[PDB]
Amino acid sequence: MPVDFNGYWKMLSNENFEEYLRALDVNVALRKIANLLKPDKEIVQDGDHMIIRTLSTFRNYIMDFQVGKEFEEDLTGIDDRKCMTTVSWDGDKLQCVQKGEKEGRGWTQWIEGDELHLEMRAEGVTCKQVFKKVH
Ligand SMILES: CC1=C(/C=C/C(C)=C/C=C/C(C)=C/CO)C(C)(C)CCC1
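Read in this note's numbering, the sequence shown has 76 at position 23, and its numbers run on one by one without any break.
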């Protein structure tokens, strides 16, 4: 059953993000800036169609996709690499593979109550982010 992500979700915690960005070959200044920044996720869900807006004062990162489709994702801000990205529905878990340069590149996102729980992977290394629903 595909879970309803429609809303504005504010960050509670950010765990292992400097090690995830070091696994993408990112500079030390952008690792310290992006681990100090707490973004707001605005998600608009329409069945398989999804707009995920990761909102911040330094850079806003918007992912627009249909679940099912392998799309051209430029990760502009993070590392600036083009991945062939396929996102699939496992009921509660929204499960993604990013096809390109890195070993086991992807992400898994799910709802626990009012909390969005995100795992992001690059070269095995998993960053864990928690966001609470407010509007
Ligand atoms: C570089 C960078 C950032 C990294 C954003 C990332 C890594 C977003 C990932 C979003 C996902 C995985 C969406 C699909 O569920 C943010 C905007 C925080 C702060 C400014 C610099």
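Ideal placement from N, C-alpha and C gives every residue a C-beta, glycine not left out.
Only residues of its own chain outside the window of five on either side were considered, and among them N69, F70, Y73 and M173 have a CB closer than 6 angstroms to the CB of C180, listed in chain order.
Taking 8 angstroms as the cut-off, the Cβ atoms of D167 and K185 count as close. Here the distance from the Cβ of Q119 to the nearest heavy atom of ligand 1 is not below 7 angstroms. For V79 and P55, the gap between their C-alpha atoms comes out near 34 angstroms. In the three-state reduction of the DSSP assignment, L90 falls in the coil class, being assigned neither a helical nor a strand state. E172: not part of any alpha helix (DSSP H); member of the beta strand (DSSP E) spanning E168 to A175, first to last residue.
Close CB contacts of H102 within its chain, under the 7 angstroms cut and outside five residues either way in sequence, are with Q119 (chain order). Minimum Cα-Cα distance from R134 among the listed residues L90, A175 and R106 corresponds to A175.
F124: member of the beta strand (DSSP E) spanning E123 to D127, first to last residue.
With respect to the 8 angstroms criterion, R84 and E95 are not classified as neighbours on the basis of their beta carbons. In terms of CA proximity to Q98, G60 leads the group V183, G60 and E125. In this structure, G153 sits near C136, with a CB-CB distance shorter than 8 angstroms. Shortest gap from the CB of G130 to any heavy atom of ligand 1: under 7 angstroms.
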